[PDB]
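Chains, contacts and geometry: an overview
The lines below spell out each chain.
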Amino acid sequence: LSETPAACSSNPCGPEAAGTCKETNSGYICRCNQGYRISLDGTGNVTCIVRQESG
Amino acid sequence: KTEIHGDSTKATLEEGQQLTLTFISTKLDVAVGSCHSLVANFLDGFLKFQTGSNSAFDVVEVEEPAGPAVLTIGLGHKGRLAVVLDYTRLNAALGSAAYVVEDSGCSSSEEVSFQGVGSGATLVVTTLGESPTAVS
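Residues numbered from 1 in each chain as written, not as in the entry; some residues may be left out. Chains lettered and ligands numbered in written order. Heavy atoms only, no water.

In the PDB archive, solution NMR is given as the structure determination method for this entry.

Per the PDB entry, chain B carries the name Micronemal protein 1 and comes from Toxoplasma gondii.

For chain A, the PDB entry supplies the name Micronemal protein 6 and the organism Toxoplasma gondii.

Set out below in structure tokens:
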């Protein structure tokens, strides 16, 4: 149904920071690079920004 | 900050809130009081998580953690949960990883049990993040 964007296709865990992206059966998986941590969003999704704690 | 310093702890998750855990583990297993369970197989270098009672856990590969890990849990609907894991890497670096479940099939505000925290474990409750994006 037309609500959500194609996870890995729309580039979620693919900012100028993040390291890895993986679509799942229940959404997607994100992985960061050395200097980044995952910042989860205000709906229940995730993407990478500079490592401090929860993003 | 909620400094646990034990082997396990439990937080109250809420739709619109997040739960951050700074723990030091090598194989932490947690379950959420509605539907969520995972095993941070740090040692083997993979993160396994399921959504439901009896379900298969997906793996997100881990870049060889050293112990220090931040596990964050946020719900933004009912089933749509996000789990942030931030692990210190043995490879002279840090590595952070996450996964999201667009419909875990849960309802707002569930009790999250963090177990296997090892030592140095400390919890912090936050509010949910910002900017939606996932596939369902």
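There is more to say after this.
Description of the interface of chain A and chain B
Facing 32 residues of chain A, the contacting portion of chain B comprises 47 residues. For the chain A and chain B pair, buried surface summed over both sides reaches about 2,800 Å², with 53% attributable to carbon and sulfur atoms. Of all residues in chain A, the largest losses of buried area upon contact with chain B belong to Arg31(A), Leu40(A) and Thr43(A), amounting jointly to 21% of the total for that side. For the pair chain A and chain B, the interface holds three salt bridges. Here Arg31(A) makes a salt bridge to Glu63(B), at a shortest N to O gap of 2.7 Å. Here chain A is connected to chain B by 25 residue pairs in polar contact. Contributing elements (two or more residues each) for the side of chain A that touches chain B: α1 (7-10), β1 (20-23), β2 (27-31) and β3 (36-40) of chain A. Of all the elements, β2(A) adds the most residues to the side of chain A that touches chain B, at five residues. In the side of chain A that touches chain B, the residues fall into 12 nonpolar, 13 polar and seven charged. Of the pairings in the sheet, the one linking β2(A) to strand β10 (residues 93-101) of chain B comprises five bridges and is antiparallel in character. (Contact = heavy atoms within 4.5 Å. Buried area = accessible area lost by both parts, 1.4 Å probe. Salt bridge = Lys/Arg side-chain N within 4 Å of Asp/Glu carboxyl O. Polar contact = N/O pair within 3.5 Å; in protein donor to acceptor, adjacent residues only side chain to side chain. Helix = DSSP H or I, 4+ residues; strand = E, 2+ residues; numbered from the N terminus. Nonpolar A, V, L, I, M, F, W, Y, C, P; charged D, E, K, R; others polar. Pairing = 2+ DSSP bridges.)

What about the UniProt feature "disulfide bond" in chain A?
Residue and element names in this part refer to chain A. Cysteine pair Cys8 and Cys21, annotated in UniProt as disulfide-bonded: S-S separation 2.0 Å, below the 2.5 Å cut-off, and the bond is accordingly regarded as formed. Here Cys8, found in helix α1, pairs with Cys21, found in strand β1; they are 13 residues apart in sequence, far enough to count as distant. Looking at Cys8, the relative accessible area reads 30%, which means it is partly exposed. Between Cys13 and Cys30, where UniProt records a disulfide, the sulfur-sulfur distance comes to 2.0 Å, consistent with the annotated bond. Linking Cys13 in the loop between α1 and β1 with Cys30 in strand β2, this pair joins segments that are 17 residues apart in sequence. Judged by its relative accessible area of 3%, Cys13 is buried. For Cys30, a relative accessible area of 0% translates into the label buried. (Disulfide = S-S within 2.5 Å. UniProt positions renumbered as here; feature names shortened; annotations may be inferred. Buried < 20%, exposed > 50% of the residue type's maximum accessible area, 1.4 Å probe, protein only.)

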